[PDB]
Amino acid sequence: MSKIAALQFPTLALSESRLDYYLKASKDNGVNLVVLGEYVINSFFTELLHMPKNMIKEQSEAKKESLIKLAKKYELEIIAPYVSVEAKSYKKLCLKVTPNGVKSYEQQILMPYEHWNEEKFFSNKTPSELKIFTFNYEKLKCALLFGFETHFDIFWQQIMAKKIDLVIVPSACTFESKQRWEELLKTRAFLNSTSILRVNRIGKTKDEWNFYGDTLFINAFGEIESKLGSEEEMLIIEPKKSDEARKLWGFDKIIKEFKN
């Protein structure tokens, strides 16, 4: 049975001891894939602004080293948003650390808002065409989407066309958006008949921005199966194939016949 673990974390300690325990707990429970929230390996975006470039590089390189070692140690995959420091430029990626190597997903759409300007801070390549990041985990068809990227219908049309079973959404969400995020993710899952795993971070920032966590699992019917609180927690999910729920409303069968 294919199980996935989501870790609700604040910014990770430099000592791997606490992360080591959760990976062992996942493996003991039969989990072979672990997901981390945004800005869990690194400090939060606004805290990165008041940090020296070398300190961010040291933070990323040290914890990437722990993830690569721990993936080999427990023979599992780890999904983790990572801030890549090349020279003086920064890239926002999502790492897929595995025992045999590291694959990365470069975020295609970043937040441009002045108070949270990821577009100006990061130097991510903007592709000519948007393409969803997809991978197969055992018998499941999965896709990787960042929290901000879930706001665009163009990504979801690809998820429906590729008949994705589970969409993994690492994010960093603030408590004053709790209801809107629930309504958005439940609607995306119901409309496109796919399960959504949304892993959030916890913690308060220098501007007293509250990260409530609320890591949740939504099934292909648009219903919430699992939920987490505001504390440090681990969520294990048994995701199912979306074939059965797809049949119920048949949105794909209707949409496939048109030529738009």
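For every residue, the number given is its place in the sequence shown, counted from 1.
Undergrad: Looking only at CA atoms, which has the higher mean B factor in the entry: 213-221 or 199-207?
TA: Mean C-alpha B-factor is greater for 199-207.
Undergrad: Give the stretch, out of 125-133 and 150-158, with the larger mean C-alpha temperature factor in the deposited entry.
TA: If you average the C-alpha B-factors of 125-133 and of 150-158, the larger mean comes out for 125-133.
Undergrad: Among the candidates 106, 176, 182, 77, give the one with the maximum CA B-factor reported in the record.
TA: Among 106, 176, 182, 77, the PDB entry lists the largest C-alpha B-factor for 176.
Undergrad: Could you say which of 42, 26, 230, 194 has its CA atom at the highest B factor, as listed in the PDB entry?
TA: Of 42, 26, 230, 194, 230 has the highest C-alpha B-factor.
Undergrad: Using the B-factors in the PDB entry, rank residue 10's C-alpha atom against the chain and give the third, lowest, middle or highest.
TA: Tercile = lowest for this residue's CA B-factor.
Undergrad: Ranked by Cα temperature factor within the chain, is residue 188 in the lowest third, the middle third or the highest third?
TA: Lowest third - that is where residue 188 ends up once the chain's C-alpha B-factors are sorted.
Undergrad: Comparing residue 81 with the other modelled residues of its chain, is its CA B-factor in the lowest, middle or highest third?
TA: Ranked within chain, residue 81 CA B lands in the lowest tercile.
Undergrad: Within this chain, which third does the Cα B-factor at residue 170 fall in: lowest, middle or highest?
TA: As the PDB entry reports it, the C-alpha B-factor of residue 170 lands in the lowest third of its chain.
Undergrad: Divide the modelled residues of the chain into thirds by Cα B-factor and specify which third, lowest, middle or highest, holds residue 32.
TA: As the PDB entry reports it, the C-alpha B-factor of residue 32 lands in the middle third of its chain.
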